[PDB]
file upload20.cif (mmCIF, C-alpha atoms and all ligand atoms)
data_my_file
#
loop_
_atom_site.label_atom_id
_atom_site.label_comp_id
_atom_site.auth_asym_id
_atom_site.auth_seq_id
_atom_site.Cartn_x
_atom_site.Cartn_y
_atom_site.Cartn_z
CA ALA A 1 13.22 18.80 14.23
CA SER A 2 12.98 16.70 17.41
CA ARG A 3 12.76 17.12 21.18
CA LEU A 4 15.00 15.11 23.50
CA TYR A 5 13.45 12.76 26.07
CA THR A 6 14.83 10.21 28.55
CA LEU A 7 13.54 6.83 29.69
CA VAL A 8 14.94 4.84 32.63
CA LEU A 9 14.42 1.14 33.30
CA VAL A 10 15.52 -0.08 36.74
CA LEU A 11 16.50 -3.60 35.67
CA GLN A 12 17.49 -6.08 38.41
CA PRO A 13 18.34 -9.81 37.91
CA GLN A 14 14.73 -11.09 38.29
CA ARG A 15 12.55 -7.94 38.13
CA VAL A 16 11.96 -4.50 36.60
CA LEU A 17 10.48 -1.33 38.17
CA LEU A 18 7.70 0.39 36.22
CA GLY A 19 5.61 3.45 36.95
CA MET A 20 1.89 3.72 36.28
CA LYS A 21 1.57 7.14 34.61
CA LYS A 22 -1.16 9.02 36.49
CA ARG A 23 -1.58 12.32 34.57
CA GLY A 24 -1.11 13.68 31.04
CA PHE A 25 0.87 11.98 28.26
CA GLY A 26 0.86 8.17 28.30
CA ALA A 27 -1.59 8.14 31.22
CA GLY A 28 -3.05 4.81 32.34
CA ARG A 29 0.05 2.95 31.06
CA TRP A 30 3.02 1.35 32.77
CA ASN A 31 6.39 2.70 31.64
CA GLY A 32 9.97 3.48 32.63
CA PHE A 33 10.76 6.78 34.32
CA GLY A 34 11.56 9.92 32.33
CA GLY A 35 10.54 13.15 30.63
CA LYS A 36 11.76 16.10 28.57
CA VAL A 37 15.47 16.97 28.71
CA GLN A 38 15.86 20.53 29.99
CA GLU A 39 18.19 23.31 28.93
CA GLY A 40 21.47 23.26 30.85
CA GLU A 41 21.58 19.50 31.60
CA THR A 42 23.07 16.51 29.78
CA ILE A 43 20.77 13.72 28.62
CA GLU A 44 22.05 11.46 31.44
CA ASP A 45 21.47 14.22 34.05
CA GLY A 46 17.87 14.65 32.80
CA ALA A 47 17.33 10.90 33.14
CA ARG A 48 18.68 10.85 36.74
CA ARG A 49 16.64 13.95 37.58
CA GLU A 50 13.43 12.48 36.11
CA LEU A 51 14.08 9.22 38.03
CA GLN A 52 14.41 11.21 41.28
CA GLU A 53 11.37 13.44 40.54
CA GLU A 54 9.10 10.48 39.59
CA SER A 55 10.33 7.65 41.87
CA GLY A 56 12.47 9.34 44.57
CA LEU A 57 15.41 7.08 43.62
CA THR A 58 19.03 8.12 43.19
CA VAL A 59 21.43 5.82 41.38
CA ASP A 60 25.14 4.92 41.37
CA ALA A 61 25.37 4.91 37.56
CA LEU A 62 23.17 4.77 34.44
CA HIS A 63 24.07 3.04 31.17
CA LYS A 64 22.90 3.98 27.66
CA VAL A 65 20.96 1.06 26.18
CA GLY A 66 19.16 2.64 23.24
CA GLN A 67 17.66 5.48 21.27
CA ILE A 68 14.07 5.39 19.97
CA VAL A 69 12.68 8.04 17.66
CA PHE A 70 8.89 8.37 17.68
CA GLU A 71 6.96 10.02 14.88
CA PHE A 72 3.30 10.84 15.39
CA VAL A 73 1.30 11.37 12.21
CA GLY A 74 0.29 15.07 12.22
CA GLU A 75 2.72 16.29 14.88
CA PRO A 76 5.69 18.04 13.22
CA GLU A 77 8.25 17.26 15.96
CA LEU A 78 9.73 13.83 16.59
CA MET A 79 10.36 12.46 20.10
CA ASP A 80 14.02 11.42 20.38
CA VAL A 81 13.88 9.14 23.45
CA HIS A 82 17.25 8.16 24.98
CA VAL A 83 16.86 4.92 26.97
CA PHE A 84 18.87 4.02 30.07
CA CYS A 85 19.16 1.02 32.39
CA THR A 86 20.54 0.52 35.90
CA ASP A 87 21.07 -2.15 38.56
CA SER A 88 22.24 -0.45 41.80
CA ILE A 89 19.48 1.92 42.98
CA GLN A 90 19.72 3.86 46.24
CA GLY A 91 16.70 3.91 48.58
CA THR A 92 13.12 2.69 48.10
CA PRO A 93 10.72 3.82 45.35
CA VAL A 94 8.10 6.34 46.48
CA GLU A 95 4.96 7.54 44.71
CA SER A 96 5.03 10.93 42.96
CA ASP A 97 2.27 13.06 41.39
CA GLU A 98 3.24 11.57 37.98
CA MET A 99 4.13 7.92 38.73
CA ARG A 100 3.02 5.01 40.93
CA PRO A 101 5.96 2.57 41.14
CA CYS A 102 5.63 -1.24 41.22
CA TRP A 103 8.04 -4.17 40.73
CA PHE A 104 7.26 -6.81 38.09
CA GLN A 105 8.88 -10.17 37.41
CA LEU A 106 10.50 -10.26 33.95
CA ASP A 107 7.94 -12.83 32.67
CA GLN A 108 4.95 -10.83 34.06
CA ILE A 109 5.60 -7.45 32.39
CA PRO A 110 2.19 -5.96 31.49
CA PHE A 111 2.84 -5.22 27.80
CA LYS A 112 -0.92 -5.08 27.21
CA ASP A 113 -1.02 -2.00 29.53
CA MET A 114 2.12 -0.30 28.14
CA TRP A 115 3.07 1.65 25.00
CA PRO A 116 2.72 -0.96 22.17
CA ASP A 117 6.33 -0.47 21.03
CA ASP A 118 7.71 -1.74 24.38
CA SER A 119 6.91 -5.34 23.30
CA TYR A 120 9.41 -5.05 20.44
CA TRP A 121 12.48 -3.54 22.14
CA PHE A 122 12.27 -4.93 25.70
CA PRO A 123 13.72 -8.31 24.58
CA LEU A 124 16.89 -6.49 23.45
CA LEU A 125 16.93 -4.57 26.76
CA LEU A 126 16.75 -7.83 28.71
CA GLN A 127 19.52 -9.36 26.55
CA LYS A 128 21.74 -6.27 27.14
CA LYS A 129 21.94 -5.49 23.41
CA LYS A 130 22.14 -1.79 22.55
CA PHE A 131 19.62 -0.60 19.92
CA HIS A 132 18.27 2.13 17.66
CA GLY A 133 14.50 2.12 17.18
CA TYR A 134 12.00 4.06 15.11
CA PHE A 135 8.20 3.84 15.43
CA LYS A 136 5.62 5.75 13.42
CA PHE A 137 2.37 6.02 15.40
CA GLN A 138 -1.19 6.92 14.40
CA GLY A 139 -2.72 8.04 17.68
CA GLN A 140 -1.51 6.25 20.82
CA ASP A 141 -2.44 2.60 19.98
CA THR A 142 -1.55 2.01 16.27
CA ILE A 143 2.02 1.45 15.04
CA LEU A 144 2.08 1.94 11.24
CA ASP A 145 5.81 1.54 10.64
CA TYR A 146 8.80 0.55 12.69
CA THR A 147 12.49 -0.26 12.45
CA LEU A 148 14.76 -1.79 15.07
CA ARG A 149 18.47 -2.63 14.85
CA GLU A 150 21.25 -3.71 17.20
CA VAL A 151 24.04 -1.14 17.53
CA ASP A 152 27.46 -0.95 19.13
CA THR A 153 27.17 2.58 20.58
CA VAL A 154 23.94 4.50 21.05
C1 LIG B 201 5.28 6.64 21.87
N1 LIG B 201 5.83 5.43 22.45
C2 LIG B 201 6.56 5.44 23.59
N2 LIG B 201 7.10 4.28 24.06
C3 LIG B 201 7.85 4.22 25.19
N3 LIG B 201 8.11 5.32 25.93
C4 LIG B 201 7.62 6.54 25.58
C5 LIG B 201 6.80 6.68 24.36
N4 LIG B 201 6.47 7.99 24.26
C6 LIG B 201 7.02 8.63 25.33
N5 LIG B 201 7.71 7.77 26.09
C7 LIG B 201 8.43 8.10 27.34
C8 LIG B 201 9.53 9.13 27.18
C9 LIG B 201 9.51 9.77 28.54
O1 LIG B 201 10.20 8.93 29.46
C10 LIG B 201 8.04 9.79 28.91
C11 LIG B 201 7.29 11.02 28.41
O2 LIG B 201 7.57 12.11 29.29
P1 LIG B 201 6.40 12.87 30.11
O3 LIG B 201 5.71 11.76 30.88
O4 LIG B 201 7.12 13.85 31.02
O5 LIG B 201 5.56 13.47 28.98
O6 LIG B 201 7.50 8.62 28.29
#

call {"tool": "encode", "arguments": {"input": "upload20.cif", "output": "structure tokens"}}
result
Amino acid sequence: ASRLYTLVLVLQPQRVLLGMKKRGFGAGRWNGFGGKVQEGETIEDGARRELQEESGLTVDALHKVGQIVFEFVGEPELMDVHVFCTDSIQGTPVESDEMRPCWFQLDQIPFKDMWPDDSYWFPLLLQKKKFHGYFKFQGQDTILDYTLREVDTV
């Protein structure tokens, strides 16, 4: 049993857009844009919607770059996070109730202030390799187990 989530990384040649999460889950950490996938929308539509809701950005097209399953010790449901990237955004990022956007250079990504797993799979993201990840967490800071493999289709 798992719940679908989306995650969107606005990746441009020399920079990436991240949102400081202001309230709730993953608060105080930089991350891509996303959330729960709703009933009546595709995974890609939920990703575009969550990008719009959190950053005010529309996009020409999104591409599937990976799937990461997260297990939290004690919680029965897994988080099945579908990851997306994009280059051509439309408009300028604006602050929402959830997210404060900010550009970062690719060698200045604040992994110390992000979900610890990001360290592991970002390199594949930057290399444009598709991937399947799994991370078993104890609380929000400790990875107990993980797997990570290159794939051909997500
Ligand atoms: C647990 N480790 C993790 N590493 C990277 N991204 C994560 C994550 N756990 C959740 N996320 C992402 C998936 C969604 O885009 C968002 C959670 O949605 P929410 O902020 O609406 O609760 O954060």

call {"tool": "residues_around", "arguments": {"input": "upload20.cif", "residues": "residue 11 (chain A)", "least_positions_apart": "5", "cutoff": "6 Å", "atoms": "all atoms listed in the file", "output": "PDB file with C-alpha atoms, keeping the file's coordinate frame"}}
result
ATOM      1  CA  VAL A  16      11.960  -4.500  36.600  1.00  0.00           C
ATOM      2  CA  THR A  86      20.540   0.520  35.900  1.00  0.00           C
ATOM      3  CA  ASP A  87      21.070  -2.150  38.560  1.00  0.00           C
TER       4      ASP A  87
END

call {"tool": "atom_distance", "arguments": {"input": "upload20.cif", "atom1": "CA of residue 7 (chain A)", "atom2": "atom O5 of ligand LIG 201 (chain B)"}}
result
10.4 Å

call {"tool": "residues_near_ligand", "arguments": {"input": "upload20.cif", "ligand": "ligand LIG 201 (chain B)", "cutoff": "8 Å", "atoms": "only C-alpha atoms and all ligand atoms", "output": "PyMOL selection string"}}
result
chain A and resi 5-8+21+24-26+31-36+70-72+79+81+98+114-118+135+137+140

call {"tool": "atom_distance", "arguments": {"input": "upload20.cif", "atom1": "CA of residue 106 (chain A)", "atom2": "CA of residue 129 (chain A)"}}
result
16.3 Å

call {"tool": "closest_residue", "arguments": {"input": "upload20.cif", "among": "A:64, A:112, A:82, A:128", "to": "residue 37 (chain A)", "atoms": "only C-alpha atoms"}}
result
A:82

call {"tool": "atom_distance", "arguments": {"input": "upload20.cif", "atom1": "CA of residue 59 (chain A)", "atom2": "CA of residue 2 (chain A)"}}
result
27.6 Å

call {"tool": "residues_around", "arguments": {"input": "upload20.cif", "residues": "residue 93 (chain A)", "least_positions_apart": "4", "cutoff": "7 Å", "atoms": "only C-alpha atoms", "output": "PDB file with C-alpha atoms, keeping the file's coordinate frame"}}
result
ATOM      1  CA  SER A  55      10.330   7.650  41.870  1.00  0.00           C
ATOM      2  CA  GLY A  56      12.470   9.340  44.570  1.00  0.00           C
ATOM      3  CA  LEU A  57      15.410   7.080  43.620  1.00  0.00           C
ATOM      4  CA  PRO A 101       5.960   2.570  41.140  1.00  0.00           C
TER       5      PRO A 101
END

call {"tool": "residues_around", "arguments": {"input": "upload20.cif", "residues": "residue 85 (chain A)", "least_positions_apart": "6", "cutoff": "6 Å", "atoms": "only C-alpha atoms", "output": "VMD selection string"}}
result
chain A and resid 8 to 10 62 to 63

call {"tool": "closest_residue", "arguments": {"input": "upload20.cif", "among": "A:52, A:67, A:108, A:12", "to": "residue 148 (chain A)", "atoms": "all atoms listed in the file"}}
result
A:67

call {"tool": "residues_around", "arguments": {"input": "upload20.cif", "residues": "residue 134 (chain A)", "least_positions_apart": "4", "cutoff": "6 Å", "atoms": "all atoms listed in the file", "output": "list in words"}}
result
residues 68, 69, 70, 146 and 147 of chain A

call {"tool": "residues_around", "arguments": {"input": "upload20.cif", "residues": "residue 110 (chain A)", "least_positions_apart": "5", "cutoff": "10 Å", "atoms": "only C-alpha atoms", "output": "tab-separated table (two decimals) with C-alpha atoms, keeping the file's coordinate frame"}}
result
chain	number	residue	atom	x	y	z
A	18	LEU	CA	7.70	0.39	36.22
A	29	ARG	CA	0.05	2.95	31.06
A	30	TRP	CA	3.02	1.35	32.77
A	31	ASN	CA	6.39	2.70	31.64
A	104	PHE	CA	7.26	-6.81	38.09
A	105	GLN	CA	8.88	-10.17	37.41
A	118	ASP	CA	7.71	-1.74	24.38
A	119	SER	CA	6.91	-5.34	23.30

call {"tool": "axis_aligned_box", "arguments": {"input": "upload20.cif", "around": "region 98-101 of chain A", "padding_each_side": "5 Å", "output": "AutoDock Vina command-line options"}}
result
--center_x 4.5 --center_y 7.1 --center_z 39.6 --size_x 12.9 --size_y 19.0 --size_z 13.2

call {"tool": "closest_residue", "arguments": {"input": "upload20.cif", "among": "A:144, A:154, A:102, A:83", "to": "residue 19 (chain A)", "atoms": "all atoms listed in the file"}}
result
A:102

call {"tool": "closest_residue", "arguments": {"input": "upload20.cif", "among": "A:143, A:126, A:43, A:51", "to": "residue 94 (chain A)", "atoms": "all atoms listed in the file"}}
result
A:51

call {"tool": "closest_residue", "arguments": {"input": "upload20.cif", "among": "A:124, A:73, A:113, A:131", "to": "residue 151 (chain A)", "atoms": "all atoms listed in the file"}}
result
A:131

call {"tool": "closest_residue", "arguments": {"input": "upload20.cif", "among": "A:133, A:13, A:28, A:139", "to": "residue 80 (chain A)", "atoms": "only C-alpha atoms"}}
result
A:133

call {"tool": "build_atoms", "arguments": {"input": "upload20.cif", "residues": "region 15-33 of chain A", "atoms": "N, CA and C atoms", "output": "PDB file, in the coordinates of the input"}}
result
ATOM      1  N   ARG A  15      13.672  -8.879  38.133  1.00  0.00           N
ATOM      2  CA  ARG A  15      12.550  -7.940  38.130  1.00  0.00           C
ATOM      3  C   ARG A  15      12.888  -6.582  37.523  1.00  0.00           C
ATOM      4  N   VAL A  16      11.839  -5.856  37.132  1.00  0.00           N
ATOM      5  CA  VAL A  16      11.960  -4.500  36.600  1.00  0.00           C
ATOM      6  C   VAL A  16      10.945  -3.573  37.284  1.00  0.00           C
ATOM      7  N   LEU A  17      11.362  -2.334  37.556  1.00  0.00           N
ATOM      8  CA  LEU A  17      10.480  -1.330  38.170  1.00  0.00           C
ATOM      9  C   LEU A  17       9.801  -0.528  37.072  1.00  0.00           C
ATOM     10  N   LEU A  18       8.480  -0.425  37.151  1.00  0.00           N
ATOM     11  CA  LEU A  18       7.700   0.390  36.220  1.00  0.00           C
ATOM     12  C   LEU A  18       6.800   1.330  36.988  1.00  0.00           C
ATOM     13  N   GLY A  19       6.491   2.457  36.371  1.00  0.00           N
ATOM     14  CA  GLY A  19       5.610   3.450  36.950  1.00  0.00           C
ATOM     15  C   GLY A  19       4.321   3.511  36.174  1.00  0.00           C
ATOM     16  N   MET A  20       3.197   3.441  36.881  1.00  0.00           N
ATOM     17  CA  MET A  20       1.890   3.720  36.280  1.00  0.00           C
ATOM     18  C   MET A  20       1.786   5.235  36.138  1.00  0.00           C
ATOM     19  N   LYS A  21       1.703   5.711  34.900  1.00  0.00           N
ATOM     20  CA  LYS A  21       1.570   7.140  34.610  1.00  0.00           C
ATOM     21  C   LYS A  21       0.163   7.620  34.962  1.00  0.00           C
ATOM     22  N   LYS A  22       0.093   8.594  35.861  1.00  0.00           N
ATOM     23  CA  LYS A  22      -1.160   9.020  36.490  1.00  0.00           C
ATOM     24  C   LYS A  22      -1.850  10.167  35.744  1.00  0.00           C
ATOM     25  N   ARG A  23      -1.066  11.120  35.240  1.00  0.00           N
ATOM     26  CA  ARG A  23      -1.580  12.320  34.570  1.00  0.00           C
ATOM     27  C   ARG A  23      -0.921  12.543  33.208  1.00  0.00           C
ATOM     28  N   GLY A  24      -1.666  13.151  32.286  1.00  0.00           N
ATOM     29  CA  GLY A  24      -1.110  13.680  31.040  1.00  0.00           C
ATOM     30  C   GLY A  24      -0.779  12.655  29.959  1.00  0.00           C
ATOM     31  N   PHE A  25       0.438  12.762  29.422  1.00  0.00           N
ATOM     32  CA  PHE A  25       0.870  11.980  28.260  1.00  0.00           C
ATOM     33  C   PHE A  25       1.232  10.563  28.678  1.00  0.00           C
ATOM     34  N   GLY A  26       0.683   9.581  27.964  1.00  0.00           N
ATOM     35  CA  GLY A  26       0.860   8.170  28.300  1.00  0.00           C
ATOM     36  C   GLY A  26       0.193   7.728  29.583  1.00  0.00           C
ATOM     37  N   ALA A  27      -0.879   8.421  29.970  1.00  0.00           N
ATOM     38  CA  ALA A  27      -1.590   8.140  31.220  1.00  0.00           C
ATOM     39  C   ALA A  27      -2.349   6.823  31.142  1.00  0.00           C
ATOM     40  N   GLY A  28      -2.434   6.133  32.273  1.00  0.00           N
ATOM     41  CA  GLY A  28      -3.050   4.810  32.340  1.00  0.00           C
ATOM     42  C   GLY A  28      -2.177   3.684  31.796  1.00  0.00           C
ATOM     43  N   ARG A  29      -0.878   3.944  31.606  1.00  0.00           N
ATOM     44  CA  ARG A  29       0.050   2.950  31.060  1.00  0.00           C
ATOM     45  C   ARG A  29       1.294   2.831  31.909  1.00  0.00           C
ATOM     46  N   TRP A  30       1.756   1.598  32.091  1.00  0.00           N
ATOM     47  CA  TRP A  30       3.020   1.350  32.770  1.00  0.00           C
ATOM     48  C   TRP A  30       4.155   1.755  31.841  1.00  0.00           C
ATOM     49  N   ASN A  31       5.241   2.255  32.421  1.00  0.00           N
ATOM     50  CA  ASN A  31       6.390   2.700  31.640  1.00  0.00           C
ATOM     51  C   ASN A  31       7.618   2.842  32.539  1.00  0.00           C
ATOM     52  N   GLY A  32       8.781   3.005  31.922  1.00  0.00           N
ATOM     53  CA  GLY A  32       9.970   3.480  32.630  1.00  0.00           C
ATOM     54  C   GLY A  32       9.800   4.926  33.070  1.00  0.00           C
ATOM     55  N   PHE A  33      10.801   5.433  33.773  1.00  0.00           N
ATOM     56  CA  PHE A  33      10.760   6.780  34.320  1.00  0.00           C
ATOM     57  C   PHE A  33      11.506   7.752  33.408  1.00  0.00           C
TER      58      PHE A  33
END
